[PDB]
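Enquirer: Quick check, what structure comes out for this input:
(chains A and B, ligands or ions: 1)
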Amino acid sequence: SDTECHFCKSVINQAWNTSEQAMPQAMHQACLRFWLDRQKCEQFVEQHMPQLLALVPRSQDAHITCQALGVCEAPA
Amino acid sequence: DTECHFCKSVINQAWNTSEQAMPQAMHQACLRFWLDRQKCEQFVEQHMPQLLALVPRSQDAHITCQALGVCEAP
Ligand SMILES: [Zn+2]
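Expert: Numbers count the residues shown, from 1 in each chain, chains lettered A, B, ... in the order given. Here you go:
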């Protein structure tokens, strides 16, 4: 049903949404402890966080996964 | 619990490329920014557990399928 599709889309990638919030801090923590340059680490994270964000599944990916699960029958 | 395993298999497969690409993206980003091939490998391989610990795992797929109604609590 459509209700079941909405619910699947709401929770399927929840683990990624949780983690995405902490990626900038974690990247900064890793960088600073290794490269020890706060200024350069701030630049690294700002310039390259977008690459990780692009790996986080989006709502369209949730739809397609939930279709694979058989719950989203709609195309979108 | 075949439906549970089906659900987890699907989620784990949907996540796999992002899971495997996360450390590679950091490695590629490091090479493009800090340049040093030697120190970039060390950085990624042993010095960013804070970031790699954030990558979802099978246990998270299980809990997701629990939320969906097809898996029991682990
Ligand atoms: Zn089983």
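Enquirer: Check what contacts the lengthiest helix in chain A and list those residues.
Expert: Counting by DSSP state H, the longest helix found in chain A is helix A:14-35. Helix A:14-35 has contacts (C-beta atoms under 8 Å, 6 or more residues apart in numbering or on different chains) with A:38, A:41-42, A:44-45, A:48-49, A:52-53, A:56-57, B:15, B:18, B:26, B:34, B:39, B:42-43, B:47-51, B:53-56, B:60-61, B:63-64, B:67. Where C-beta positions appear, they are placed from N, C-alpha and C, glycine not excepted.
Enquirer: so how far is it off the chain centroid?
Expert: Relative to its chain's centre, helix A:14-35 lies at 11 Å (C-alpha atoms, centre = their mean, to the nearest Å).
Enquirer: Contact residues of chain A facing chain B?
Expert: Neighbours of chain B within chain A, by C-beta under 8 Å from any C-beta of the partner chain: A:7-8, A:11-12, A:14-16, A:19, A:22-23, A:26-27, A:29-30, A:33-35, A:43-44, A:47-48, A:51-52, A:55-57, A:61, A:64-65, A:68-69, A:71.
Enquirer: what's around residue A:11, how many residues?
Expert: 17 (other C-beta atoms under 10 Å in any protein chain shown).
Enquirer: ok, and the closest non-adjacent residue to it?
Expert: Leaving aside its chain neighbours, residue A:11 sits nearest to residue B:67 (4.6 Å; criterion: C-beta to C-beta, 6 or more residues apart in numbering or on different chains).
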